[PDB]
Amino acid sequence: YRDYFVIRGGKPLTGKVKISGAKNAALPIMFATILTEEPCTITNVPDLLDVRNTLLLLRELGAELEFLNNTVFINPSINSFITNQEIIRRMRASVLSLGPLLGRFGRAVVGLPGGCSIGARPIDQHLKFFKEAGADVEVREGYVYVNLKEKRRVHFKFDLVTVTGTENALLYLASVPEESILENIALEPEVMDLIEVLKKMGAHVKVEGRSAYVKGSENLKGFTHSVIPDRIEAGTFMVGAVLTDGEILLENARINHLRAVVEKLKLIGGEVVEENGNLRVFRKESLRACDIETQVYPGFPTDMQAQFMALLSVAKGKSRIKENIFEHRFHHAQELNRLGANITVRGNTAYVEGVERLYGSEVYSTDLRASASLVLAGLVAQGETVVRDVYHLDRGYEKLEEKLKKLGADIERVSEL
């Protein structure tokens, strides 16, 4: 659909906002249900497009389920092992169905992702892991055909840190009744949340450094789980408070999943005060330039990069923002330039020369998480900012415009087919 936002800038964000459950924790945890025949219940699941597409895939695979009040109730009566190309094109993370399907049936046919606007994003590490696990892997008709003659222990080291690669491996190993080892894994909070679910199902998982020791099972149980809060949504509103010189109180977020973000926010001039579990955020000092490099968790998230770039576009001084994760992820830099920013891009590094003010205009969303930076800039740009193709934002945030409106943003959504 062609829905868009109209943001009339000039209001400080003030008040409370409740942070939703983590989209990227809910996805792998939903795919984990494929590993059991028993009913599972998942709560604090956000109602956003990626979740809806994952539920559609599970239904296509044979599951019976309901999604009500941010809760997924599922009977994993999986009777197929084909994840079609259409679903993969809609959400490449559907590749997470591979590990579970293989663990359940010993075979799987999953569409191979195409390129993405964020980058080529190949899955060589996922395929390399399954080959090392002893599976026969072949690409034909644009699908990855995987066949496993027998489950055996695996000892695999990732060549690079990959979030879903780690998850896909854990999902499969949880079904193998032997002691396996993964090295150089991702430590993201969402990966840790998936791990608790796999343990609830009956697998044993020990994390030490970036190594994971797994002991799986062929009789995994059903589970009940409440997913962790979404730290990217939390960081986004924090940035919004500081950028608009407002004062907000985030409810249901976790300070322990935000260290690198809070650190950078304070260096720029913001302040974050914990009140019980709530986080009060406001601007303490005038905005100033800061250098930022994205890194795997616990470092600064690539999913927060664009948002900080918008904040820094109006800070005093020149900021250097380097991507070590998705080096190509800078489409938003030029959209911000359309608002009067002065951002340059050279290879994997962007330089932001802060300007006194931004000027509202039409910009296009293209990244389910990074495009939140455009909405943020629209909050302070002079006049009116029109954010096109919010379908992307609908994939990545739950009720974004409603939450901003509740905080005082003069924002509205125009529904357009």
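Residue positions are given as counts along the sequence shown, with the first one as 1.
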message: On mean Cα temperature factor in this entry, is 142-150 or 123-131 the higher one?
response: 142-150
- request: Averaging only over Cα atoms, indicate whether 184-192 or 273-281 has the higher B-factor in the PDB entry.
  value: 273-281
- prompt: Whose C-alpha has the highest temperature factor in the PDB entry: 323, 218, 233, 247?
  reply: 218
statement: From the entry's CA B-factor values, the highest among 343, 93, 72, 262 is 72
message: Which third, lowest, middle or highest, does the C-alpha temperature factor of residue 391 belong to within its own chain?
response: middle
query: Considering only modelled residues of the same chain, in which third does the CA B-factor of residue 208 rank: lowest, middle or highest?
result: highest
Modelled-residue ranking by C-alpha temperature factor, third containing residue 296: lowest
- line: On the chain's distribution of Cα B-factors, residue 406 falls within the third called middle
message: Going by the CA temperature factor in the PDB record, which third of the chain does residue 382 belong to: lowest, middle or highest?
response: highest
